[PDB]
Structures are given as structure tokens and as C-alpha cells.
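Undergrad:
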Amino acid sequence: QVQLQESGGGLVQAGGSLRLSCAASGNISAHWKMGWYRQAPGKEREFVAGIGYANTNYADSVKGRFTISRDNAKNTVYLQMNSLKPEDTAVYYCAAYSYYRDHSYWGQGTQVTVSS
Amino acid sequence: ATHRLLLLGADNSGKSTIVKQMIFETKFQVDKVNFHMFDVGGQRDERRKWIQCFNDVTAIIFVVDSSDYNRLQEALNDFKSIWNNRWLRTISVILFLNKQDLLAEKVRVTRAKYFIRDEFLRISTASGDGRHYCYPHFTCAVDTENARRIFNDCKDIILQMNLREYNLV
Amino acid sequence: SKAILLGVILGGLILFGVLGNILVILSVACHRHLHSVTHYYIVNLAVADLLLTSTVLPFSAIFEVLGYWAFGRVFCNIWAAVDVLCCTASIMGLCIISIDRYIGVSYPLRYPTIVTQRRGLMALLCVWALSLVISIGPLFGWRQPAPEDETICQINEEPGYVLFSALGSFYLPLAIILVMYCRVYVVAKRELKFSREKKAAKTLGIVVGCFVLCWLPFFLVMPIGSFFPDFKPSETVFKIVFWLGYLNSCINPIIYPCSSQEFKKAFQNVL
Ligand SMILES: CC(C)CCC[C@@H](C)[C@H]1CC[C@H]2[C@@H]3CC=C4C[C@@H](OC(=O)CCC(=O)O)CC[C@]4(C)[C@H]3CC[C@]12C
Ligand SMILES: Cc1cc(C(C)(C)C)c(O)c(C)c1CC1=NCCN1
């Protein structure tokens with residue numbers, strides 16, 4: 001079993017900076033993706049960022065200002081969010097999903113608030 | 014479900030007793061399967077029109093009188109002509125050595172009727188090569204169970220056709 | 024480096040399956056003396072295998088050599104649905120071919136009254152409808168919530184969808200195929263006794279052995295690994311048992327037209 005526990009979130013001013021982390025407490029194979037998703041209160045989960053062995057994917061609304069990175073030794077995934085606009089106020093989850101098989105581990109969630 | 018047969022054979026062999034008491053027409057039905065027999069008549073004698081009678085026929089029903097000997101060589105040459113090549117190829121022959129009761133009176168009953176079948180089987184084992192079979196039967200006029208034999212021989216013919224089709228033989 | 028190598032042997036398999044399954048169709052679409060239900064039962068198998076090798080399998084090869092899904096999410100949903108549909112329709116085409124051959128060698132004279140031109144059409148309708156019911160399973164109800172990443176294409180592996188569809192799509196057709204072909208084998212030994267059991271045993275053995283050797287690894291890995299958490303296989307063996315079921319659709323034109331003398335006379339005439 002793998003228990004993704006994410007942290008790093010908090011309260012950011014508009015245009016600020018945040019660095020989210022997601023640990024693993026286990027082992028994810030190198031042929032699995034690992035990504036950050038976002039759900040606002042009222043809307044549904046949208047994809048935000050993802051890094052695997054085959055590609056690195058972003059959402060088109062966070063494409064220039066977000067940066068996903070991965071340390072496969074410590075089995076952790078970081079998301080550096082820079083120039084935070086006041087519509088990223090949501091709950092951010094980390095996932096350790098596969099490419100071609102129905103295998104998805106899901107994190108607990110972390111509230112990220114942008115205000116002005 | 015409608016199988017065409019081609020009745021042949023020499024005259025005075027009980028073909029009308031096969032037809033009635035079971051080119052003219054005959055139709056009979058065994059186990060809800062309909063058979064349609066084209067009575068040509070005397071082979072190489074009259075009405076030998078193989079253009080429509082032998083067109084996709086299922087089997088040829090040769091009838092031999094097994095009581096006479098002065099025309100037995102004529103029936104043997106008739107089966108030699110029909111079996112080898114008479115524009116009837118890969119058409120299996122159901123042979124009816126008719127009038128079996130008219131043989132035991134003129135003749167221990169095993170060798171009296173198996174030599175006559177052995178000559179027709181010797182003719183039938185010269186050009187077979189797995190293309191078509193020959194089914195010989197010992198029939199008589201007091202035996203009206205010949206439709207069951209025609210049904211089972213056509214069943215075996217079409218079963219071997221399906222086995223040759225599905226590459227099982 | 025090895026992506027071009029694996030892609031060119033995959034594309035060779037794709038072109039072989041497409042050319043074989045279009046040759047099986049062209050053997051009937053031009054030779055008008057093939058018009059029976061026994062030939063339509065091979066025509067629809069060639070249609071299912073041609074739809075798989077033409078519409079599904081290039082995207083499977085691209086997904087294998089790239090590592091990710093380079094098209095949209097609706098294309099992934101369409102591709103997975105058509106994949107399950109065409110493979111299930113191929114297996115059920117094999118099943119109805121087996122049933123047709125059983126009641127063709129068991130009732131030779133009573134065959135045009137028990138397999139008519141209407142009951143074979145209804146059998147095609149009922150196998151394609153059940154394939155379409157299985158494949159549009161996860162499209163409304165049978166799906167756990169997939170991740171919203173567009174560059175993944177995850178198959179549905181729900182315990183209860185895998186088990187039911189695995190049962191009703193392989194293990195009932197396997198038992199039917201085994202029963203009908205063992206009875207066909209018993210009839211084909213004349214119900262030279264050495265040159266008859268050998269030929270029928272070899273002919274039916276390659277037919278059932280290609281089917282089980284291509285599809286039993288997949289349908290044994292898929293329900294067992296979805297139920298027992300101790301057995302989790304490797305990721306090379308899953309791709310091998312996944313692509314063997316694709317290999318069955320390229321194997322099928324070598325077997326089933328070559329088990330028919332009219333098709334053997336038409337296949338070498340059309341190529
Ligand atoms: C292993 C499973 C998933 C597939 C097994 C194959 C079925 C899809 C096939 C095999 C037998 C078929 C049936 C055989 C006979 C007929 C003929 C026909 O029967 C009738 O009631 C018509 C009128 C009549 O027969 O008098 C309608 C289709 C039906 C039920 C067929 C429907 C499709 C069936 C169930
Ligand atoms: C992906 C898939 C899943 C299932 C289930 C078991 C998940 C329903 C199937 O039955 C089938 C046929 C497929 C398609 C396929 N397998 C190997 C090659 N192509």
C-alpha cells in the first residue's frame with residue numbers, strides 16, 4: 001500500500017509564491033505518473049500538473065506559471081506555484097496514477113487560498 | 014432440404030417396385061426431408077439426358093436384378109460405364125442388388172449373394188480415390204425399408220462432404 | 024532507439040492482420056458462389072478482426088511506443104469501447120462458428136431447416152448486441168472515477184465488471200467451444263483408424279489451441295489479479311498477455327478460411 005500525504009499549502013497573497021510537496025510513505029514504480037489536481041468548492045476536480053517517464057503535462061490555465069518536479073529517490077513530487085492569481089483558491093490533491101491500468105492512489109488534500 | 018437423386022439401372026430390376034411399393053418423376057419424404065428422384069430408365073438405352081438430371085445431383089441409385097445371369101454382365105458393364113466416367117463424377121452410387129428373394133430360390168446363403176456384391180465393389184474400387192463412395196445393399200420386393208437406407212446413405216454422403224469441407228478429412 | 028524497432032514489428036503485425044482480414048472479405052465480396060450462412064459466420068469474424076486491426080490497433084501501437092496517449096480523452100473512451108467491443112465480437116464469432124460446425128456435422132440433412140437464413144442473422148445480432156452491451160458497460164455506470172489527465176488511457180478494471188464480463192465473454196464461450204468441438208471430434212472418427267484420428271485431432275487442436283493460447287493468459291491474469299491482492303504480476307507480462315489477444319485477430323485468417331475448401335480455392339485466387 002502507498003499513502004500519499006501532501007503538505008506545503010497555506011495562505012498566499014495575490015501574485016505570491018507557494019511550494020507544494022507530496023510524499024509517498026511507500027514505493028511508486030517509475031512507470032507510473034504522479035500529478036497534482038485541484039478542486040474548487042462548487043466545481044469538480046481538474047487536472048493541473050503531472051510528471052511521469054513518458055511526458056510532463058500541464059493544464060492550459062496554469063501552463064506558464066506552475067512547475068512540477070519529481071524526486072524518484074525520495075518518491076516525492078513538488079509543485080512550485082508562482083504568481084498566484086485569485087482563482088487558484090481550492091483544495092489540491094496529489095495522485096500516483098498509472099498510464100494504462102486502473103490504478104490510482106489519491107492524497108488527502110491541502111487548502112490553498114489566494115486573496116487580495 | 015430437397016435432395017435430388019438420379020435413378021438408373023437395367024430394366025426388369027424392380028425399379029417400379031422401388032418407386033411405387035416403397051425421364052419420369054418421383055418424390056418421397058423421410059424424416060421431414062424430401063427426396064426427388066429422376067427416373068431416366070435403361071442406362072445407355074433411352075432418355076439419357078444428363079444435362080438436367082445430373083445437374084448437382086446428390087447421389088445415383090443404381091438398381092441391379094440379382095436373379096438373372098444372362099444380363100448380369102450387361103449391368104456390370106453399365107456400372108463400369110457410369111461409375112468411371114459417364115459425365116457423372118464425384119457422385120456417389122447407392123447400389124441396390126434387388127430381388128434378393130428371387131436368388132435364394134434359384135440357388167449357404169452368405170456366399171450365394173456376396174460374390175455378386177463383390178464384383179460391383181471390385182468395379183467401385185478402381186476409380187474412387189476418396190472422391191465419392193459406393194453403398195451396396197441387398198434389397199428385395201418384400202422389403203419396403205429402402206427409404207431408410209436411401210436416407211442414411213445420403214446422410215453419410217453429406218456428412219462426408221461437410222467433413223471434407225471443414226478440413227477434418 | 025528500440026521504439027522504432029518495436030513499432031515496426033508492431034506495424035508489420037498490423038498490416039498482416041489488415042491484409043488477411045480484407046482478403047477473407049474479398050474472397051466472398053467478389054466470388055458470388057459463396058453465399059451460405061457458414062460463409063457469413065467467417066465474414067463477420069473477418070469484419071470484427073478487420074475493425075480491430077484497422078481502427079483499434081494502430082492507436083494501441085502508438086500508445087505502446089510513445090508511453091502516453093497523445094490524443095484526447097473522448098478518443099480514449101471511444102478507443103477503449105471499440106477495443107472491448109471488437110474483441111468480444113471476435114470471441115463470440117468463434118463461438119457461433121463452433122456451434123454452426125457442430126450442428127452441421129451432427130445433422131447433415133436437417134441443416135437447412137435448423138440453420139436458416141434468418142436464425143443466423145439473429146445469431147449475429149445477438150452476439151453483436153451482447154458485445155456492445157459489455158463494451159458500453161463503463162460508459163455510464165460501471166466506472167470508478169478515473170483521473171482527469173488527458174495523456175493517460177486507463178482501461179476499466181472494476182472487480183465485478185472484470186469478473187462478470189470475463190465469465191460471460193470468455194468462460195462460457197470457452198466451455199461451449201470445447202463441448203461442440205469435442206463432439207465434432209467424436210463424429211469425425213467415424214462414429262485406417264490412425265490416419266483419421268490424427269488429422270481431425272490436429273485440425274481441431276490447432277483451432278482450439280490458438281484460441282486458448284491467445285486468450286486464456288489475458289482472461290486468467292485479468293480476474294485473478296483484480297481479486298487476489300497477493301498476486302500482482304509484473305508489467306511486462308501484462309503487456310504480453312494484452313497483445314496476445316490482439317495477435318488472435320491476425321492468427322484467425324490463417325486458420326478459418328484454410329479450414330474450408332471453397333475458401334482455400336478463393337483465398338489463393340484473390341491474392
Ligand atoms: C456464450 C454466450 C455469451 C453466447 C452464446 C451464443 C448466443 C448469442 C446464441 C446461441 C444460440 C442462439 C439462439 C438459437 C436459436 C434462435 C433462433 C430464433 O428462435 C426463435 O424463437 C425463432 C422462431 C423459431 O425458431 O421457430 C431466434 C434467435 C435464437 C433464440 C438464437 C439467439 C442467439 C443465441 C442464444
Ligand atoms: C481491454 C479489455 C478489457 C476486458 C475486460 C475483462 C476488462 C472486460 C475485455 O474483455 C477485453 C476483451 C478487453 C480488450 C482486449 N484485451 C486484450 C486485447 N484487447
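For the record, the sequence lines run as chains D, B and A. Its first residue numbered 1, the first sequence is counted upward by one per residue in the deposited numbering. Numbered per the deposited numbering, the second sequence spans residues 14 to 35, 51 to 135, 167 to 228. Numbered per the deposited numbering, the third sequence spans residues 24 to 214, 262 to 341. The beta-carbon is built from N, C-alpha and C at its ideal position, and this holds for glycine as well.
With hydrogens ignored, establish whether the beta-carbon of A:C149 is closer than 7 Å to any heavy atom of ligand 1.
TA: Yes, the beta carbon of A:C149 sits closer than 7 Å to at least one heavy atom of ligand 1.
Undergrad: D:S61 to D:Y53, Cα distance in whole Å?
TA: Those two C-alpha atoms are separated by around 23 Å.
Undergrad: Quick check on A:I294: buried or exposed, where buried means 16 or more other Cβ atoms within 10 Å of its Cβ?
TA: Its Cβ having fewer than 16 others within 10 Å, A:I294 is exposed.
Undergrad: So the beta strand (DSSP E) D:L11 belongs to, where does it begin and stop?
TA: Residues 11-13.
Undergrad: Is A:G40 near ligand 2, in the sense that its beta carbon is under 7 Å from a heavy atom of that ligand?
TA: Not under cutoff, so the answer is no.
Undergrad: Using a Cβ-based criterion (distance less than 7 Å to any ligand heavy atom), does A:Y316 qualify as near ligand 2?
TA: A:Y316 Cβ: within cutoff of ligand 2.
Undergrad: Beta carbon of D:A40, beta carbon of D:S116: below 8 Å?
TA: Their beta carbons are not under 8 Å apart, which means D:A40 does not touch D:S116 by this criterion.
Undergrad: Less than 8 Å between CB atoms is the rule here; does A:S50 satisfy it with respect to chain B?
TA: Judged by the 8 Å Cβ criterion, A:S50 is not in contact with chain B.
Undergrad: Listing by chain order, which chain A residues have their CB less than 8 Å from the CB of D:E87?
TA: Ordered by position in chain A, no residue passes the 8 Å Cβ test against D:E87, which lies about 18 Å from the chain.
Undergrad: Pick out the complete beta strand (DSSP E) segments inside the segment 89-128 of chain A, 3 residues or longer, and give them in chain order.
TA: Runs of the beta strand (DSSP E) inside the segment 89-128 of chain A: none found.
Undergrad: Cβ of D:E6 less than 8 Å from any chain A Cβ?
TA: By this cut-off, D:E6 is not an interface position.
Undergrad: Do B:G69 and B:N126 have their CB atoms nearer than 8 Å?
TA: No, the Cβ-Cβ distance between B:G69 and B:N126 is not below 8 Å.
Undergrad: Is it true that the segment 219-226 of chain B meets the segment 299-310 of chain A, where meeting means three or more beta-carbon pairs spaced less than 8 Å apart?
TA: With a cut-off of 8 Å, the segment 299-310 of chain A and the segment 219-226 of chain B do not count as touching, because too few Cβ pairs lie within range.
Undergrad: With a cut-off of 8 Å, do at least 3 Cβ pairs link the segment 94-104 of chain D to the segment 29-36 of chain D?
TA: Flag = yes, the segment 94-104 of chain D and the segment 29-36 of chain D touch.
Undergrad: Taking 8 Å as the threshold (C-beta atoms), are B:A87 and B:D188 in contact?
TA: It is not a contact, given that the beta carbons lie outside the stated cut-off.
Undergrad: Could you give the distance in angstroms between the alpha-carbon of A:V60 and the alpha-carbon of A:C320?
TA: Cα to Cα, the separation comes out at about 23 Å.
Undergrad: Just by C-beta distance, which residues in the segment 305-332 of chain A are closer than 9 Å to chain B?
TA: The residues in question are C328, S329, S330, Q331, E332.
Undergrad: I'd like to confirm the pairing. Which residues does DSSP put opposite residue 41 of chain B in its beta bridges?
TA: Within chain B, the sequence of modelled residues goes 35 then 51, so residue 41 of chain B has no position in this structure.
Undergrad: So with CB distances below 9 Å, who are the chain D contacts of A:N179?
TA: Correct list: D102.
Undergrad: Using three-state DSSP, classify residue 370 of chain A as helix, strand or coil.
TA: In this structure chain A extends from 24 to 341, so residue 370 of chain A is not present and cannot be described.
Undergrad: Measure from the alpha carbon of A:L117 to the alpha carbon of each residue in A:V156, A:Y134, A:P161, A:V66, then state which is nearest.
TA: Comparing Cα-Cα distances from A:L117 to each of A:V156, A:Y134, A:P161, A:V66, the minimum goes to A:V66.
Undergrad: At 3 residues or longer, and completely inside the segment 63-97 of chain D: list those beta strand (DSSP E) runs for me, N to C.
TA: If we require 3 residues or more, the beta strand (DSSP E) runs fully inside the segment 63-97 of chain D come out as 66-71, 76-82, 90-95.
Undergrad: Could you compute how far the alpha carbon of B:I31 sits from the alpha carbon of A:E332?
TA: Their Cα atoms are separated by approximately 36 Å.
Undergrad: According to DSSP, what are the bridge partners of D:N57?
TA: DSSP lists D:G50 as partners of D:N57.
Undergrad: Which residue's Cα is closest to the Cα of D:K43: D:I51, D:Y100, D:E87?
TA: Comparing Cα-Cα distances from D:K43 to each of D:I51, D:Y100, D:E87, the minimum goes to D:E87.
Undergrad: Going along the chain, which residues of its own chain have a beta-carbon closer than 6 Å to the beta-carbon of A:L195, five neighbours each way excluded?
TA: Nothing listed; no residue qualifies.
Undergrad: Taking 7 Å as the line, does the beta carbon of A:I178 fall inside it for any heavy atom of ligand 2?
TA: Within the cutoff, so yes.
Undergrad: Consider the Cβ of A:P287: report whether some Cβ of chain B lies at a distance smaller than 8 Å.
TA: With 8 Å as the cut-off, A:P287 does not count as an interface residue toward chain B.
Undergrad: Would A:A270 count as contacting chain B if we go by Cβ distances under 8 Å?
TA: Answer yes: the Cβ-Cβ gap between A:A270 and chain B drops below 8 Å somewhere.
Undergrad: Using a Cβ-Cβ distance cut-off of 8 Å, determine whether D:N75 contacts chain A.
TA: No, D:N75 lies away from the interface with chain A (no Cβ there is under 8 Å from its Cβ).
Undergrad: Is any heavy atom in ligand 1 found nearer than 7 Å to the beta carbon of A:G191?
TA: Under cutoff, so the answer is yes.
Undergrad: By how many angstroms is the C-alpha of D:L4 removed from the C-alpha of D:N27?
TA: Their Cα atoms are separated by approximately 10 Å.
Undergrad: So, for A:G30: in the same chain, excluding its five sequence neighbours on each side, which residues have a beta-carbon less than 7 Å away from its beta-carbon?
TA: Answer for A:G30: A84, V88, listed in chain order.
Undergrad: Using only alpha-carbon positions, find the residue among B:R207, B:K214, B:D202, B:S109 that is nearest to residue 41 of chain B.
TA: Residue 41 of chain B cannot be placed in this structure, since chain B goes from 35 to 51 without the numbers between.
Undergrad: Report the neighbours of B:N221 on chain A: residues whose CB is nearer than 7 Å to its CB, in chain order.
TA: Residues of chain A passing the Cβ test: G127, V128, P131.
Undergrad: At a CB distance below 7 Å, what residues from the segment 13-34 of chain D approach chain A? Give them in sequence order.
TA: Listed in sequence order: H31, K33.
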